[PDB]
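# Architecture at a glance
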Amino acid sequence: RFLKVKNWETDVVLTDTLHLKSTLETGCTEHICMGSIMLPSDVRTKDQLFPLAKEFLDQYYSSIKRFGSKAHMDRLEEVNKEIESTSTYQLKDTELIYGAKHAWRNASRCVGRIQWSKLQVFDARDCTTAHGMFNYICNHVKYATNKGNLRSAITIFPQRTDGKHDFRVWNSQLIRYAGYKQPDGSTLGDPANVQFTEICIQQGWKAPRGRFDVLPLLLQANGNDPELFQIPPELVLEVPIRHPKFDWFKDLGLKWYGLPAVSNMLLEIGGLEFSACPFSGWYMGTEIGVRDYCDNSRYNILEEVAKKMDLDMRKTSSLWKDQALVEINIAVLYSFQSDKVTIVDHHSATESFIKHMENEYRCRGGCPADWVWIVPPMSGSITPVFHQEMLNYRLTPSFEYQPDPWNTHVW
Amino acid sequence: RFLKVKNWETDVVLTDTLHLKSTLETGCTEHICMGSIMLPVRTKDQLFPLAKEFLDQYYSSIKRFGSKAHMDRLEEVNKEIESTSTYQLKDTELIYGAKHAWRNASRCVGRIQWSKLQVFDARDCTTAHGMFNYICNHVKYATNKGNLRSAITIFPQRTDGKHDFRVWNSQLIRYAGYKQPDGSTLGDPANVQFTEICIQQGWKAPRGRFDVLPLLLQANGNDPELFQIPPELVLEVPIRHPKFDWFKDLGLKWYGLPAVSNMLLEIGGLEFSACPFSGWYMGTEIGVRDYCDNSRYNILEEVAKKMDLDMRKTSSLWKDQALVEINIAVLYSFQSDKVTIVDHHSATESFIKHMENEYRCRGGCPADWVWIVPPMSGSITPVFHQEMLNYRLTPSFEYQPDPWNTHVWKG
Ligand code: HEM
Ligand code: HEM
Ligand SMILES: Nc1cccc(CNCc2cccc(OCc3ccc4ccc(N)nc4c3)c2)n1
Ligand SMILES: Nc1cccc(CNCc2cccc(OCc3ccc4ccc(N)nc4c3)c2)n1
Ligand SMILES: C[C@H](O)[C@H](O)[C@H]1CNc2nc(N)[nH]c(=O)c2N1
Ligand SMILES: C[C@H](O)[C@H](O)[C@H]1CNc2nc(N)[nH]c(=O)c2N1
Ligand SMILES: [Zn+2]
């Protein structure tokens, strides 16, 4: 039970002991593996909270080489007393930064984790209003965008108290394109965002009804009704998509935004639940070119591109979809690189992740990793992660999924 | 207890109850997922329950459960076990078992075909020469002048583990590989170790780039013997590209018949250690893995050079572009020569239909996402978006150790 993972391309064997620190559950059993299920899975009682805090503070003081020290025991006692009285507790800034960086470090589905320690943490726990949230988010977007030299960042709004006063960003990402159902049956814009684009309109948002309309922010503070805000356009950096060989590619009229900023997850540190914690990095090209542009349930541009390439679209075995998919992804990378906007291709990112795995096994004893999500959605087996065995287990602090607010909110 | 899987592209939800019939273990636990691990002399004691379970399944399928034929057969097997320590399957039971081992193969995307398997009973075989004759007839039947037919040939079951029948080849038809003194490899790197054993056993190697390996066959626990498959039985396809006239000059060819020969077939507790089976290729097995794995023929560089791509930086996706062209050439060559092949779009679409049908008529379809998703263009195939449950059912195909590591040499 000191498990080993083999890379079948290189025969490198790593030994994993970190999984024995794991606490939460995978969803699998000895009789059935749920590793391809998208998502397995109210306030914390006074009891379950102190063990959670103790375990977190134990690993925090170990990381600063002060395990079993005066400061350690004192902080343990201090939090112990705060919980006994207040039925919760507040993190020190140092603890908050550590917790957020390690929630990313532990995100087994994230291929970009070699960067985990270079995370800018914005403490927004003093925020009280949607207008305040808007201000914090604009500052985040501007800092992270950095005129195309993207920088990772997270903004952490106040923690859940009793489930009635939740801070929530209702958008799934800070920047996403609208989607509208057409009278004929098709969809203009992003089909993934049709219900959200409806809620915004069904809320007051005057939609331009374009193909790439930046959605408004929909911000919930202290559990009140959410509020619409328009992100200043000069803060939304966008890349027009063109192809270094094909001039007609520009004519397609495609663009995408530079900042991937996920805003609907829940950050758990020491038992405390941060329901509003938008975070951002930079794109891997396939997220746009493969999934955003070519998923059948998204922009689904594959037919158009192949047609303009004059490919034989009559039989699947001509691999016209594969041919078009590559060209699309060459264009995305070329466009971002041309406009000096940070982006990583899937070969670079998976090579980086293999090196990160080696680092984590060496300096930490392991790295939880979800093969189903780490292997890119194109050209899987020519990237080094395809041939890498991975162990998936759930460490804390962590980012977790949470329900969509409009299914919960007492309106 | 019921379980649901969701297709996130179509929102189709399916309900699995078949996992309740699962006996064997997955390797996972509630605290770790081993879903990406490649690999996670039975006694009288444990054998009759395994037989009973199989015969219950068998007689259920023919709608004779609890019949006099069912009960008599159970008695007959029981007495045969207690008296002879093992038992013999009827021909009907063997055919059923072999088909269901394929039906239960959670890593196999081609299972829509499972009920159309030609089963060759080779349980009367006694020598390696007899094995050679049985395998030649299998290859001729399966090849069928390019109109491939699925087949399996089943040699005698294990007795005391000291008299195993084994096919030492990993596949019936495979190309030799030769490590050169300068560190380079001629032929197929995947087969260097086996090629060496063959050469040691007296095989005169042509030392070419595409040399069909000899069969190395072990009967009744004796030392294995070498045989050369008649070249007229080995159907091969020269690889050319439909637009690139220079592709032929790469000098590539591949064999037509994929015939895995190193797995163990388990039926009712009986172990068939030699059970070669064959179907037909999905194009990506050759074009992605065989040709473009860095640890295989690895022709990506040559193809990319002859296409004159930007090979300086990976973000030009020269590797991705060359991969698509190679896979176009594989499918084009096979189809032009009327040798059965299936592209990864057709094969995955069929699997989804198979899987839905299995959920309807059987209550489930165990499936290993990590293996079902093709090694290129993963997300533009429908299985990428399909949730799957993996669990172990019997009859089954299992891995077994390579014989050269366990064999006791006679001299
Ligand atoms: C800096 C560059 C980064 C890159 C290239 C990157 C890349 C990726 C990719 C490709 C995925 C798969 C998601 C999908 O395919 O839709 C992913 C997932 C994820 N990323 Fe990273 N990421 C980066 C930064 C970050 C940061 C800064 C955080 C948090 C602070 C983070 C947290 C996560 C999490 C939690 C997931 C998995 C979500 C889930 O469980 O479903 N990532 N990332
Ligand atoms: C009829 C056409 C067939 C096609 C197109 C097909 C396709 C495939 C593919 C692509 C794989 C993944 C293997 C890899 O990528 O290395 C696979 C796995 C497998 N196939 Fe099928 N197959 C076919 C027939 C069969 C037959 C006839 C059998 C047995 C009688 C079989 C049993 C298996 C098994 C047991 C595995 C899992 C191997 C493992 O766990 O390593 N297949 N198949
Ligand atoms: N309908 C629904 C509803 C719920 C869940 C899903 C699953 N749907 C996949 C998904 C959902 C949410 C986020 C996500 O992405 C994660 C992510 C996180 C950080 C990143 C940082 C940088 C970067 N470049 N990418 C990142 C991606 C995937 N679907
Ligand atoms: N280095 C190592 C060492 C140990 C184990 C492995 C696993 N190595 C993958 C593998 C091994 C053997 C066979 C195989 O293939 C399965 C298969 C079965 C039937 C097929 C029918 C048709 C078709 N087209 N393909 C089939 C593939 C995969 N690797
Ligand atoms: C590490 C991982 O288990 C291994 O590389 C697997 C991944 N998925 C695969 N899928 C298929 N079809 N064939 C393979 O050989 C593999 N290899
Ligand atoms: C069915 C499957 O769980 C689902 O489609 C997953 C598969 N792998 C993925 N991998 C990444 N990186 N992102 C995804 O959204 C998904 N989707
Ligand atoms: Zn699992």
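Structure determination for this entry, per the PDB record, employed X-ray crystallography and reached 1.7969 Å resolution.

## As for the nonpolar core
A:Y293 and B:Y291 are the most contacted members of the largest nonpolar core, which has 122 residues in total. If you look at the next biggest cluster of nonpolar residues, it comprises 57 residues, including A:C28, A:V111, A:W371 and A:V372.

## Overview of the site of ligand 5
Around ligand 5, the neighbouring residues are A:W371, A:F386, A:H387, A:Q388, A:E389, B:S36, B:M38, B:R289, B:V370 and B:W371. B:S36 is positioned such that a nitrogen or oxygen atom in its backbone is 2.9 Å from an oxygen atom of ligand 5. In the environment of ligand 5, a nitrogen atom lies 3.2 Å from a nitrogen or oxygen atom belonging to the backbone of B:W371. Burial of ligand 5 by the protein chains amounts to 85% of its free accessible area of 400 Å². The class makeup of the residues in the shell around ligand 5 is five nonpolar, three polar and two charged.

## Here's the deal with the interface of chain B and chain A
Across the contact, 63 residues belong to chain B and 64 residues belong to chain A. Carbon and sulfur atoms make up 61% of the area that chain B and chain A hide from each other, which totals about 5300 Å². Summed over the three residues of chain B that lose the most area to chain A, namely B:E30, B:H31 and B:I380, the buried surface amounts to 11% of that side. In this assembly, chain B and chain A are joined by zero salt bridges. The interface formed by chain B and chain A includes 30 residue pairs in polar contact. When contributions to the side of chain B that touches chain A are tallied by element, the ones reaching two or more residues are strand 1 (3-6), helix 6 (283-292), helix 8 (318-336), helix 9 (344-361) and helix 10 (369-372) of chain B.

## Some points on the coordination of the iron atom of ligand 2
Of all protein atoms, just one serves as a donor to the iron atom of ligand 2, and that atom is B:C108 (SG), at 2.3 Å. Tracing the backbone through its elements, the reader meets B:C108 in the loop between helix 3 (91-103) and strand 3 (118-121).

## Let's talk about the pattern of salt bridges
The tally for this structure, following the rule as stated, stands at 47 salt bridges over all chains. For B:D290, the salt bridge goes to B:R296, with nearest N and O atoms at 2.7 Å. Via salt bridges that share partners, A:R44, A:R160, A:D166, A:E268 and A:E273 belong to a single interconnected network.

## Some words on the sheet that holds strand 5 (residues 168-169) of chain A
Residues and elements named next belong to chain A. The sheet built from three strands is open, its strands ordered 5-8-9 with antiparallel pairing. Pairing within the sheet leaves two strands with one partner each, and these edge strands are strand 5 and strand 9 (227-229). Judged from the three bridges that link them, strand 8 (residues 217-220) and strand 9 form a sheet pairing that is antiparallel. Within strand 9, the position partnered with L218 by the bridge is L228.

## Side note on the environment of B:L50
All names here are of chain B. With respect to the secondary-structure elements, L50 resides in helix 1 (residues 44-61). According to the relative accessible area criterion, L50 is partly exposed, its value standing at 33%. A sequence separation of 283 residues divides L50 from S333, and the C-alpha atoms of the two residues are 46 Å apart. When sequence neighbours within four positions are dropped, the list of residues in contact with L50 reads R42, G268 and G269.

## Considering the side chain of A:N392
Relative to the elements of secondary structure, A:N392 occurs in the loop between helix 11 (371-374) and strand 16 (398-400). What makes A:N392 buried here is its relative accessible area of 18%. Engagement of the side chain of A:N392 in a polar contact is seen with the side chain of A:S108, the distance being 2.7 Å. Among residues more than four places away in sequence, those in contact with A:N392 are A:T26, A:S108, A:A369, A:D370, B:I32 and B:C33.

## A look at the sheet that holds strand 9 (residues 225-227) of chain B
Residues and elements named next belong to chain B. Strand order in the open sheet made by the three strands is 5-8-9, with antiparallel pairing throughout. The sheet is open, and its two borders are formed by strand 5 (166-167) and strand 9, each paired with just one other strand. In terms of strand pairing, strand 8 (residues 215-218) meets strand 9 through three bridges, oriented antiparallel. Within strand 9, the position partnered with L216 by the bridge is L226. Here helix 4 (residues 128-143) sits on the sheet in contact with strand 5, strand 8 and strand 9, set at roughly 130° to strand 8.

## Observations regarding the packing of aromatic side chains
Throughout the structure, instances matching the rule amount to 44 aromatic pairs over all chains. Ring centres of B:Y255 and B:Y281 lie 5.9 Å apart, and the angle between their planes is 50°; on these two criteria the pair is classed as tilted. Of the two residues, B:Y255 sits in strand 11 (residues 253-255) while B:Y281 sits in strand 16 (residues 281-282), which places them 26 residues apart along the sequence. The class of B:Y255 is buried, set by a relative accessible area of 1%. Site record: aromatic cluster; members linked through ring pairs are A:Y177, A:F212, A:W256, A:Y257, A:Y283, A:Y293 and A:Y299. The ring of A:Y143 has A:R151 sitting right over it, with the charged end atom 3.8 Å from the ring centre.

## Notes on the site of ligand 3
Residue and element names in this part refer to chain A. The environment of ligand 3 is made up of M38, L39, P260, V262, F279, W282, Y283, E287, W373 and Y401. Here a nitrogen atom of ligand 3 sits 2.8 Å away from a polar atom, N or O, in the main chain of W282. Burial of ligand 3 by the protein chains amounts to 59% of its free accessible area of 630 Å². Split into classes, the residues belonging to the shell around ligand 3 amount to nine nonpolar, no polar and one charged. Composition of the shell around ligand 3 by domain shows at least three residues from each of domain 1 (16-125 + 152-162 + 266-280 + 350-374) and domain 3 (238-260 + 283-348).

## Considerations on empty space enclosed by the protein
Its volume calculated, the largest cavity comes out at about 100 Å³. Lining the largest cavity are 17 residues; nearest its centre among them are A:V375, A:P376, A:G380, B:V373 and B:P374. Among the elements of the structure, helix 11 of chain A together with helix 10 of chain B are those that each provide at least two residues to the lining of the largest cavity. Tallied by class, residues from the lining of the largest cavity come to 13 nonpolar, four polar and no charged. What the second largest cavity holds in volume is close to 40 Å³. If you trace the second largest cavity, you find it lined by A:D322, A:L325, A:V326, A:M378, A:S379, B:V324, B:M376 and B:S377. Considering every element that reaches the lining of the second largest cavity, the biggest residue donor is helix 9 (residues 320-338) of chain A, with three residues. Considered class by class, the residues forming the lining of the second largest cavity number five nonpolar, two polar and one charged.

Reading the values: the criteria
Residues numbered from 1 in each chain as written, not as in the entry; some residues may be left out. Chains lettered and ligands numbered in written order. Heavy atoms only, no water. Core = buried A, V, L, I, M, F, W, Y, C linked by side-chain atoms within 4.5 Å. Buried < 20%, exposed > 50% of the residue type's maximum accessible area, 1.4 Å probe, protein only. Near = heavy atom within 4 Å. Polar contact = N/O pair within 3.5 Å; in protein donor to acceptor, adjacent residues only side chain to side chain. Areas by Shrake-Rupley, 256 points an atom, 1.4 Å probe, with all protein chains shown as cover. Nonpolar A, V, L, I, M, F, W, Y, C, P; charged D, E, K, R; others polar. Contact = heavy atoms within 4.5 Å. Buried area = accessible area lost by both parts, 1.4 Å probe. Salt bridge = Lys/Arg side-chain N within 4 Å of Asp/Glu carboxyl O. Helix = DSSP H or I, 4+ residues; strand = E, 2+ residues; numbered from the N terminus. Donors = N, O, S within 2.8 Å, 3.2 Å for Na, K, Ca; no water. Pairing = 2+ DSSP bridges. Axes fitted to C-alpha atoms, helices over the stretch in contact; angles between N-to-C directions. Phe/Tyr/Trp six-rings, centres within 6.5 Å; stacked < 30°, edge-to-face > 60°. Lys NZ or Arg CZ within 6 Å of the ring centre and 35° of its normal. Domains from an automatic or database assignment. 1 Å grid on protein atoms, 1.4 Å probe; cavity = no way out; pocket = protein on both sides within 12 Å on 5 of 7 lines; lining within 4 Å. Points joined across faces, edges and corners; volume = space filled by probe spheres on them.

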